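Worksheet: the structure to be examined is printed underneath.
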Amino acid sequence: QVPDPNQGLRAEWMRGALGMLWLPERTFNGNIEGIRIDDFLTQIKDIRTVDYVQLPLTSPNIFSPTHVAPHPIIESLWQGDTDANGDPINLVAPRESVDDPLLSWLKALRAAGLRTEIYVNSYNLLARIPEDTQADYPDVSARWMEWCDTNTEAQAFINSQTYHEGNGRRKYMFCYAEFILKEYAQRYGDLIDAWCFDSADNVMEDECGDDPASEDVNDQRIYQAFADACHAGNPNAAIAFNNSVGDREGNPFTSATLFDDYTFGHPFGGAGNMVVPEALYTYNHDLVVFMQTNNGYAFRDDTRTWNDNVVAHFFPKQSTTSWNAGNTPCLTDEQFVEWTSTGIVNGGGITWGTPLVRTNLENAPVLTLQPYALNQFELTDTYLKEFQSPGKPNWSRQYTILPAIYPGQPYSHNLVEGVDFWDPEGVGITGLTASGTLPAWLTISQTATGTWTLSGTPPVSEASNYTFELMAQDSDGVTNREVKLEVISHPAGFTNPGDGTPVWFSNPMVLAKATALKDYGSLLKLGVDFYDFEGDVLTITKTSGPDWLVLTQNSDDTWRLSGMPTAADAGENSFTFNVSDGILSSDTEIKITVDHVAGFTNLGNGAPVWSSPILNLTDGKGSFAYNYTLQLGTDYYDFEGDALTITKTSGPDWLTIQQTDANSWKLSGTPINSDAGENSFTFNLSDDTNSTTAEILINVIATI
Ligand SMILES: [Ca+2]
Ligand SMILES: [Ca+2]
Ligand SMILES: [Ca+2]
Ligand SMILES: [Ca+2]
Ligand SMILES: [Ca+2]
Ligand code: NA
């Protein structure tokens, strides 16, 4: 039904809206499994005026194939390929049987009272640079295309319409919208408020022949495919496509397609600092002023009527370096507050590119804000609390979420002045009360100065939901907020013991097998592995078993087992795990089989082995210092995990060995040209009793 009469209107909440960005990097090959936004949300507890957070579905640029949510089709593209370390390769989603990180983040954001915006790079599973190869998913792009032009459903689709085919990789783009993108949208439903599609003109216009400038639906079919795929899941989801920055001499936003509910609103300037050089400061600040002048509407300035509700929105960076990370702010505290307030107070919306400390999941990630970003956001919060909507009380964020109804169980939730609601002028909240249809069992009382409590006990027979208004009062009047109550729904696979005891899924519990000298990874998750029928907060403890297994909490509903076993841990390992609610608890037995490192031959008598009789090493160069590290698990192995010693037994004098650490020995020395050619050495590997020797062979190239 294009042109769509809901276009833009469905992003009305975006007007005055303040957003943040949470973007981990290098998400592929299981990396994203078990990752949680909870620490971030803890850190920003005191930020009451923020409205939403942007999350990846895909990563940008050459990482556009890597997804953070599981999909059957994408998982198939894996084909189980592995690395020289056994680690996955060509896996560009989380394994469906392991984790859905996105659903985690989506629900945590909901519970935290926040809406969501989802980032998708338009190039998706295709390769942005086809004459490049990605050494982590080397042929996923190939396989996606492969899957596309040979599939019962996925040709009946490619051929289902005439406009599906055309220039470049157009047909594959429609694949993604229908089979990948639509499945996600349908799954998540109203947990997703907005989608922003990056690199849209790069691929949809320049490659696949769409015209974003046009108002002919036939020119914007890919734009349609993507929007419709999103609207199938949430008809109120606001859509934005990155069709480049606008004009410094005019509208700073590239004109709306028929499928834009809001402006993507990329800043002027390339990579790096969006306010240096200085001209960019003017261009970008004028963009924010544009949002103010136009009361948050992007396109009330042209000759088309249909785009008149499209919301003005900006996607700036807070750091000097990137959207999602960066050590240094590009704006002063004062400038940050001014830009934000100029842009959104009776204006449009802003997704700040808020920097986390360390986003690379392969390098000890710290997925919380840079202290300065919190600083700036807090100063902003103080301002918006006082000045965004003066007079009557303000409620926090976008929603007020109440705990679930548990039939027969006591109900209790606090609403706190300064947290959930406040008087802008700071005199105080003089009352809280309700109107509408409330549980007969519910009392609303003031339990301390500034704290109201919703409490009571639903009967066992309570099975109804509730929708009513809470009303906060100050000297100036009342402001309403719609709140919901919903009856809990227990997961299947669990038997209520009737006494409040938290329970494990089964006993024993066999987890995926570990490998010696390899970091272990397994998850324990509320509602899957353990559960509590009163929804009490739970603690898990390892109570017995070998030392190597490490337990850490990722969130209130997610724990992680890690650690590196040794060859000594080989075979069936057994562990006790307690789950407690603080009052009652229960145990289970966890079983993990530790396998030996592959590629070595057990001799059966306790002797260490070596990877080979001849370890052919890296060339040396005459007069250049030589270095090479021998590694337990790569070069040499002991099936009992005994401490090993390597001593030299023969060969040229220039090369010696010294223990680096428990697991590695360094061969070093400086060869000269007189040492040119194949230098043969012998080394002995002894443990306590049994010893085996190997040959090390280094070719020394003379410096001519
Ligand atoms: Ca707000
Ligand atoms: Ca217009
Ligand atoms: Ca007031
Ligand atoms: Ca309990
Ligand atoms: Ca041994
Ligand atoms: Na799961």
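Basis: the model, the stated rules and, where named, an outside source; these are not laboratory values. Neighbour counts are summed over all protein chains in view; Cβ atoms, including those assigned to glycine, are modelled from backbone coordinates with ideal geometry.
Does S544 satisfy the criteria of being buried (at least 17 other Cβ atoms within 10 Å of the Cβ) and either in contact (Cβ under 8 Å) with a residue 12 or more places away in the chain or touching a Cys at 6+ places or on another chain (Cβ under 7 Å) (or both)?
No: the conditions fail for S544.
Could you go through the stretch 567-575 and let me know if any residue there is in a loop (DSSP other than H, G, I, E, B), surrounded by 17 or more Cβ atoms within 10 Å (Cβ to Cβ) and of a type outside the set (D, E, K, R).
Yes, that holds for at least one residue.
Mind checking which residues of the stretch 40-66 are surrounded by fewer than 18 Cβ atoms within 10 Å (Cβ to Cβ) and under 30 Å from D381 (Cα atoms)?
Hits for the stretch 40-66 are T42, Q43, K45, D46.
Give the stretch 669-690 a look and list any residue that's surrounded by fewer than 15 Cβ atoms within 10 Å (Cβ to Cβ) and within 30 Å of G606 (Cα to Cα), or say none.
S680, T682, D688, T689
Only one residue in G265, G189, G209, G233 is part of a loop (DSSP other than H, G, I, E, B), closer than 25 Å to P94 by Cβ and touching a residue at least 12 places away in the same chain (Cβ under 8 Å), so which one is that?
Within the list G265, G189, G209, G233, the selection yields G233.
Taking interchain pairs and intrachain pairs at least six residues apart, which have beta carbon atoms under 6 angstrom, with the first residue in the stretch 646-659 and assigned by TED's automatic domain parsing to the domain that holds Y636 and the second assigned to a loop (DSSP other than H, G, I, E, B)?
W654/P671
If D587 meets every condition in (1) under 27 Å from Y411 (Cβ atoms); (2) within 16 Å of ligand 4 (Cβ to nearest atom) apart from one, which number is that one?
(1)
Of all residues in the stretch 67-94, which are of a type outside the set (G, A, S), in contact with a helix residue (DSSP H, G or I) (Cβ under 9 Å, 6 or more places away or on another chain), surrounded by 16 or more Cβ atoms within 10 Å (Cβ to Cβ) and part of a loop (DSSP other than H, G, I, E, B)?
Of everything in the stretch 67-94, those that are of a type outside the set (G, A, S), in contact with a helix residue (DSSP H, G or I) (Cβ under 9 Å, 6 or more places away or on another chain), surrounded by 16 or more Cβ atoms within 10 Å (Cβ to Cβ) and part of a loop (DSSP other than H, G, I, E, B) turn out to be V68, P70, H71, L77, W78, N90, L91, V92, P94.
Counting residues that are within 16 Å of ligand 4 (Cβ to nearest atom), which strands (runs of 3 or more DSSP E) fully inside the stretch 357-469 reach at least 2?
Correct list: 411-416.
If I go through the stretch 128-152 residue by residue, how many of them are in contact with a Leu (Cβ under 8 Å, 6 or more places away or on another chain) and in a helix (DSSP H, G or I)?
Number satisfying all stated conditions: 6.
Here's a check for you: in the stretch 269-295, which residue that is among the polar types (S, T, N, Q) and assigned to a helix (DSSP H, G or I) is surrounded by the most Cβ atoms within 10 Å (Cβ to Cβ)?
It comes out as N284.
I'd like to check something: does the stretch 625-635 contain any residue that is crowded, with 18+ Cβ neighbours inside 10 Å and in a loop (DSSP other than H, G, I, E, B)?
Looking for residues that are crowded, with 18+ Cβ neighbours inside 10 Å and in a loop (DSSP other than H, G, I, E, B), one finds at least one in the stretch 625-635, hence yes.
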